[PDB]
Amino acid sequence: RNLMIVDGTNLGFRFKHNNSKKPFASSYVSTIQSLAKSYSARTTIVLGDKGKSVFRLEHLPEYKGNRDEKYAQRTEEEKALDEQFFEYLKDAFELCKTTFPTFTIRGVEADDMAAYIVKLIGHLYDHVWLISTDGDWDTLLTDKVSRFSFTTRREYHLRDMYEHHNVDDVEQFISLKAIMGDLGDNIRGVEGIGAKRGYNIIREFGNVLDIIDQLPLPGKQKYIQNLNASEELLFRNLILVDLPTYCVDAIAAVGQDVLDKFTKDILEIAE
């Protein structure tokens, strides 16, 4: 049998997208029941996000701050919509507490937990299926851990790292994130180097850190010039995007005690 780890909030937003007026708690869980049934799940795990990350915020105070800007400018009607959704998200998360183990730790994101769970009990299953539409989860991809999105109805394995992410492996995808930037999570990257232009430098010189050693890099191009004068930036970005390496840390940030309760809480279900 397999293990399934869903992206509680990500799915919520999907339901919201489809319709931001109708309650979706009921179908929400049913969707996680069919899926679990389908992926021969043995342990279904539901994880939702709650508050900004404590780990990231430290290495970057303005982390996801753009998302706060957006709420600030929302109209009285849209703000209401946002609150409506979240309410429905909470309810969708409460109903879940009746069928699937649901976790939430204020200060810790979801990708930080799912990486821990996988790192923690992954070996106890044949496969591991993560339910999300967030390609950032693809940093956990292996030949025994993949992801499935509804927004496309596509599954994602490792061999597909080039078509879906313009890189060859997890370490690469990371470095590309720490180099190119993540407009979403509000993270500044080298001015001038995107996916295609960034992968090249990664294919030639290596990964972020391997590249740090090598600076200054040759070439007279500005994005190259900019690159050479943005080392400090790569260090910070690498710790914000390298999910599989800093997750434990990201959890211990909100408490060496919380991390413990979560650890025992997982194995309890895994066993």
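Sequential numbering from 1, following the sequence displayed.
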In at least a third of the other compared PDB entries, does residue 14 have no coordinates? no
Using only C-alpha atoms and the B-factors in the entry, which stretch averages higher, 218-226 or 234-242? 218-226
When the C-alpha temperature factors are averaged for each of 196-204 and 106-114, which stretch ends up with the higher value in the entry? 106-114
Of the options 136, 91, 185, 78, which has the highest CA B factor as deposited? 185
Residue with maximal Cα B-factor (values as given in the PDB entry) among 125, 150, 85, 162: 150
Should residue 13 be placed in the lowest, middle or highest third of its chain by the C-alpha B factor in the entry? highest
Looking at the C-alpha B-factor of residue 266, is it in the lowest, middle or highest third of its chain? middle
Taking the C-alpha B-factors as the PDB entry records them, is residue 44 in the lowest, middle or highest third of its chain? middle
Taking only the Cα B-factors deposited for this chain, tell me whether residue 72 sits in the lowest, middle or highest third. middle
Here the Cα B-factor of residue 211, set against its chain, lands in the third termed middle
